[PDB]
Amino acid sequence: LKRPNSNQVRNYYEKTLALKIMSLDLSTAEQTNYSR
Amino acid sequence: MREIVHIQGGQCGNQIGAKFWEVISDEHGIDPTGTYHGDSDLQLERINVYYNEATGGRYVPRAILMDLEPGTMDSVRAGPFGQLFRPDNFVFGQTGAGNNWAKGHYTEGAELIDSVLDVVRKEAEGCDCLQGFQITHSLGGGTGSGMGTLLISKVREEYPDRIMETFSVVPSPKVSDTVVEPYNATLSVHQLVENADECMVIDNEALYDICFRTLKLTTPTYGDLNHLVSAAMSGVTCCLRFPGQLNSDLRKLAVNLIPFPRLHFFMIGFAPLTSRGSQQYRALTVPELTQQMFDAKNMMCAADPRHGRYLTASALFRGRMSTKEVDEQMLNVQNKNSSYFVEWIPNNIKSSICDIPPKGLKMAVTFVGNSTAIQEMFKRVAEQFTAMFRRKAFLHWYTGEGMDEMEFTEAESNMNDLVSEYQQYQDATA
Amino acid sequence: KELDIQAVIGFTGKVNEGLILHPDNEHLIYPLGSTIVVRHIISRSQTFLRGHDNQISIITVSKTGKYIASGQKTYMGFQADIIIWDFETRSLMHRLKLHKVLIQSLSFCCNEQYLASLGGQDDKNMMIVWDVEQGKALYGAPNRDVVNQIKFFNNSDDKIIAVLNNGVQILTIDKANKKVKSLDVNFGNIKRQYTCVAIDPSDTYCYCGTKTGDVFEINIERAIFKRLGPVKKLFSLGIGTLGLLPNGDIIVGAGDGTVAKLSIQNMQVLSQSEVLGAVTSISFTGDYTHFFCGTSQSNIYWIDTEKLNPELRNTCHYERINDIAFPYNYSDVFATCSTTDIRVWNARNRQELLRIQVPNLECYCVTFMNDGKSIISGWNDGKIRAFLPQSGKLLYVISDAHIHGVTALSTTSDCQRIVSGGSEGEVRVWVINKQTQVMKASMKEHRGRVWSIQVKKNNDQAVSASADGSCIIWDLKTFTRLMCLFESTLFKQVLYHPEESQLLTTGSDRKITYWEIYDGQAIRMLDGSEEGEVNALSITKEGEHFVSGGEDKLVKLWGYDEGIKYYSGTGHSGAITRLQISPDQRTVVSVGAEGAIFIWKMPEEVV
Amino acid sequence: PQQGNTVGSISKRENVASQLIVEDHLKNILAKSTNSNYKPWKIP
Amino acid sequence: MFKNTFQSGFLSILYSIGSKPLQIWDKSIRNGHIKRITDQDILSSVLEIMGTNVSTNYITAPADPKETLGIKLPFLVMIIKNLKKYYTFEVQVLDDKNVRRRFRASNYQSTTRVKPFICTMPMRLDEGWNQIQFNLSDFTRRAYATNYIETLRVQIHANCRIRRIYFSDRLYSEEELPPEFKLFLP
Ligand SMILES: Nc1nc2c(ncn2[C@@H]2O[C@H](COP(=O)(O)OP(=O)(O)O)[C@@H](O)[C@H]2O)c(=O)[nH]1
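Below, the structure is given as structure tokens:
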């Protein structure tokens, strides 16, 4: 079996994990940037 | 309640019904898998008319598909909405009629008719209370024009009281696809006139003219022609399937449209028809609908109505509108066109209303008229027949399978008579 | 100046593949009614992309997280514009002008240099290629039949796929000659209709969906197809979206709303699940687990892989908010009318509280009742309905109140009566009683549809504003004394001043006009954009400031005593229609006709 | 009549695709069916 | 069910030509089978129940127990095809007194006995199709010397093909039977 990138896979891992918890609410902005 | 079964014979009828069922399923909210997903409750109150209920909540059309060759059913089985058709009803032959009415009606058709007769009989006992039967076929093909009308005679023998529709594609010399059209055409129509409660004539050249002129689309196809035919199909029985202020069924039409037992040949039409270039320019109102549905170019038939006088006519509107304005354009169009209506039958216009419009269009109308202009197809077909027949061309193939010259003579004489008494009332005065 | 916004409730699931998780993650992009929004995930920040005029139709992104392409649908007379936005700068990097009405699809190569755009059914299905660095139309292809989507191959960008309505087409593009070659994949006795497509990473095989519900499998090296899809079973509304796992497993979205996976074997589902609304977008996260799903009813779902259990992340409004209301002296909850179903929402946290659904009717002017009694609404058929707060069951219905639908409602404080307005100038009064509901209206005549009815504190006097151009003030005791206020335009919101004598009224003209029952005009404000129709207004308990909003995206609040604007509001899309202020007045809420909900922090120095 | 019904039977059973074809002779069918109208050539 | 409803001359409970011939009927099958086929002797679709252990295979008059099929009508009649196999059918009736009695008719029984709750009777079937008339009036008046008010239930057991079951209310002849009620000869 091929050897995956140890750092890359774990990076995707905790990235998706944190996105899970922080994805609960999308409404709040607190950084408007109407113009840009 | 008051159901009708749907049966196809010959590839033309199979192709018509194949997407007739598609249109019906779409307007009833039925998926290609037989599972209802409509949004309105009225979509489900009257579904037994065309669909039987099967275990698992699915629905199966009460249609019997029949032909003497398997290719067309093999194609339609994989066609869109082909999964709804139950595999049992597929009745197919093994040779093909060779476009020969003899092989289509005496040698092969007579022996093959037993299975389809059994199936249609069982289907007839299946429904609660029968309204009648309706056919979709072409007189120009051997297997259809022969064994379909054979089945017509058998079924009319066994159910004398029911009403029958026959939507028939007649041959025309403008678009002629076969060299032997007059023979089997006259042979089929001779038998069909004696048993047909109602006959709906459809002209493919007229279909090309319509799809060329009314819509301005570059390359129409058999699918588009089938779409127009299917719209005409659904317009007739919309009122029986949905509520309305003035409900009128097939027996209503039979009572109101046929003065005499031999005058049951009709020409039909559908409106509105608009281009994609002008649909949102054009403002659809009741006068616009009526002027379109009385237009000479909107008719599904090549015979021009202004060469004769209407014996009677009927119109079915679909969508929400009051009835008095409908009545007023009816009376106005009867008044300004009194020359084109027979004068000894006043009030020869039937009007019916249904409050459920078709999907995507808020108003629609279907027109069916018994007119004294139909004699043109019959005279030209008879002229072609005698042109072929005086030299006995293409005759040995028929006479080699039970045919003789006497049957052709009787059919020709009967058609000439039918023309004579059909045009006699045009000149009749009160 | 500009006013803060704290929360936004907006999403459009009408456009397919609208929801996109930006590669490298942390960024989630989706289209609003007419503007694109990007959101950082770990932080709570977001950014707006507003370089458009009409509703967005298509959103696409490149590989390796490079620039984004957005396309919108316009009127027949004009031409749709394709806008390329450079990422990491949030700047419009290019604008391109071609095609007649709308663009159906956009495709990016594996390399970022090239572009493909597909026009709508109008322009006769024109396929165009573009160059990213400089906008150039190298060559194009017109075809008769409609093509639903086009996709570039993962490698060998010279070969592209097009799911034409009749069947599949493979197109070859060469640099040597500007010509494009077309090969039609032939099917034996098959007339399936095809919408979505996906390509395996090896570029050997492509899986294409069907309107019937079975996914076909076709090699690119030949016009031969292999497999119809799930045997003996279908998905009952066609195939919405396709996705490919590294295993080759095919994640499929059904039209009814259904998520299932088929192994690269006999097409049998390993696991199946049910999801609300028609599926519209599927986005696979990095490492291909726990992907995002976007419905056609504006719902965002977090769907696990290999064990399909749907978990609802958040829900959004379906479309076209009609009006908003607060309870009397209560601000924790607020209710919104919808196209079909009324919703209630919490102000602090904007998760959905409760929905009351009606199949095929529009609501207008939902009115709350103190003492926690039923909520009242009016519908298209002309009926009025009252529903209980915790659970959506109706207390009562009033049938055939007005011929063409009730438009506006107002409640007296002591709540024994309701005043209602129809489209054809009819204003009616109904005596509610726990036993029965009766009416004693004057059946007073009033030409246009009435958009607003207000009742003063002492509850005897009640004003009603018509579309015709008259704001008539009714004594409500004798149903007489018809003195009505005159100006010539389409009226809108009218308000009493709290514990004064003045009427703050608006109309189609770009003017907020202070009036009195004696034709007394303090000032003619004239708050005008180029083609703005100021429509929504609100007043503080103390007459320091009033909030005003037009049809234009901008919304602004003005000092009552003196005609000078303080602060302003932007970031909206489309026509803003209603502006309310909470009883606690710590915020101002606005509802946009394109599905967006905005709550704004009112400035501190208006207390 | 007796036959002509059998041969028709195979066709409709064939119309079901299911990623399979029924020619009527697939599995556990005698030793083997003659490779042509005559028995096979020496080199296939 | 069938209470406070008109009846004058006839009342049909079951007939095999319809979309759902048996809706009020409840079917319980253990080793048998139920289906309707066109009959060779009479060219029409006929419902059929078949199986072994005739006791366990039956169809009940109500879909569920605990309520009545209240019928005031005196005369039962059935159209059954004689298949040269076992067959039983029973009827539950209410008398003058609020008592429930029952009459069973068996093909394979040879003795008749009266009992307070059950009255069994043998029956004989001629070859081929036949329609049989069940009086029930003289039957109750002879078995318990008590008149009848209402007939609660009807039950058919296995091994039979059935065309019509109805209430005829009096002895009628073929000529005065309407076309649907009469059996047209092959
Ligand atoms: N409207 C319509 N007409 C058709 C179609 N197929 C064939 N026809 C017409 O039918 C005629 C030939 O009929 P034919 O195929 O011989 O009928 P068959 O013998 O029953 O198969 C041609 O002139 C066609 O115009 C179809 O799909 N739609």
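Protein chains in written order, with UniProt numbering: chain E, 250 to 285; chain D, 1 to 430; chain U, 3 to 609; chain P, 6 to 49; chain V, 1 to 186. Every residue, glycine too, gets a C-beta built ideally from N, C-alpha and C.
Quick one: what's got a C-beta closer than 7 Å to residue i's C-beta in the same chain, skipping five residues either side?
i: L246(U); result: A200, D202, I252
i: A254(D); result: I163, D197, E198
I need the boundaries of the beta strand (DSSP E) containing residue i, first residue and last residue.
i: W21(D); result: Where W21(D) is concerned, there is no enclosing beta strand (DSSP E), although the alpha helix (DSSP H) it sits in stretches over 11 to 27.
i: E165(D); result: 163 to 169
i: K27(V); result: 26 to 28
i: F103(V); result: 100 to 106
i: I241(U); result: 241 to 246
i: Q8(U); result: 7 to 11
i: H33(V); result: 33 to 38
i: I377(U); result: 377 to 381
i: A467(U); result: 464 to 468
Within 8 Å (strictly less), CB to CB, does residue i reach chain V?
i: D31(D); result: no
Beta-carbon within less than 6 Å of residue i's beta-carbon, same chain only, minus the 5 sequence neighbours each way: which residues are those?
i: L68(D); result: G93, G96, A97, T143
i: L246(D); result: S352, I353
i: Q299(U); result: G279, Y320
i: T338(U); result: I323, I326, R345
With a threshold of 8 Å between beta carbons, is residue i in contact with chain U?
i: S23(P); result: yes
i: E263(E); result: no
i: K269(E); result: yes
i: residue 432(D); result: A query on residue 432(D) cannot be resolved here, the shown segment of chain D reaching from 1 to 430 and no further.
What does residue i touch in chain D if you count any residue whose Cβ is under 7 Å from its own?
i: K17(P); result: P87, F90
i: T214(U); result: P32, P80
At least one CB of chain D closer than 8 Å to the CB of residue i: is that the case?
i: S238(U); result: yes
i: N20(P); result: yes
i: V27(P); result: no
List the endpoints of the continuous alpha helix (DSSP H) containing residue i.
i: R262(D); result: Counting along the chain, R262(D) falls outside any alpha helix (DSSP H), and DSSP gives it neither H nor E.
i: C199(D); result: Per DSSP, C199(D) belongs to no alpha helix (DSSP H); it is in the beta strand (DSSP E), 198 to 202.
By Cβ distance below 8 Å, which residues in the same chain neighbour residue i in space, the five residues on each side in sequence not counted?
i: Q115(U); result: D133, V134, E135
i: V399(U); result: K385, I386, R387, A388
Just to make sure I have the definition right: I need the residues of chain V whose C-beta is within less than 7 Å of the C-beta of residue i. Which are they?
i: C127(D); result: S19
Interface residues of chain D around residue i at Cβ under 8 Å?
i: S44(V); result: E125
For residue i, which residues in chain U fall below 7 Å Cβ to Cβ?
i: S255(E); result: Result: empty, since nearest Cβ-Cβ is about 13 Å, beyond 7 Å.
Using a cut-off of 8 Å between C-beta atoms, extract the partners of residue i located in chain P.
i: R77(D); result: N20
Of all Cβ atoms in chain E, is any one closer than 8 Å to the Cβ of residue i?
i: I22(U); result: no
i: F89(U); result: no
Counting only Cβ pairs nearer than 9 Å, list the residues of chain E close to residue i.
i: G257(U); result: Chain E residues near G257(U): none, gap ~26 Å exceeds 9 Å.
If the cut is a Cβ gap below 9 Å, which residues of chain P does residue i touch?
i: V217(U); result: What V217(U) touches in chain P: nothing, since even the nearest Cβ is about 13 Å away.
Give a yes or no on whether the minimum CB-CB distance between residue i and chain P is below 8 Å.
i: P70(D); result: yes
i: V17(U); result: no
Any C-beta of chain A sitting closer than 8 Å to the C-beta of residue i?
i: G245(U); result: The chain labelled as chain A is not found among the protein chains of the depicted structure, namely E, D, U, P and V.
Check the Cβ of residue i against every Cβ in chain P and list those closer than 7 Å, keeping chain order.
i: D74(D); result: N20
Original post:
Does the stretch 291 to 310 of chain U touch the stretch 335 to 347 of chain U, meaning 3 or more C-beta pairs lie closer than 8 Å?
Top reply: no
Original post:
Does the stretch 391 to 399 of chain D come close enough to the stretch 280 to 299 of chain D to have 3 or more Cβ pairs within less than 8 Å?
Top reply: no
Original post:
Touch check for the stretch 60 to 80 of chain D and the stretch 158 to 166 of chain D: three-plus C-beta pairs under 8 Å?
Top reply: no
Original post:
Do three or more CB pairs link the stretch 133 to 152 of chain D to the stretch 334 to 353 of chain D at distances below 8 Å?
Top reply: no
Subject >> Three CB pairs or more closer than 8 Å across the stretch 111 to 127 of chain V and the stretch 37 to 56 of chain V >> reply: no
Original post:
Contact between the stretch 408 to 426 of chain D and the stretch 302 to 311 of chain U: three or more CB pairs below 8 Å?
Top reply: no
Original post:
Do the stretch 301 to 318 of chain D and the stretch 362 to 370 of chain D meet, that is, are 3 or more Cβ pairs less than 8 Å apart?
Top reply: yes
**OP:** Pair every Cβ in the stretch 261 to 277 of chain E with every Cβ in the stretch 35 to 53 of chain D, then say whether three or more of these pairs are closer than 8 Å.
**Re:** no
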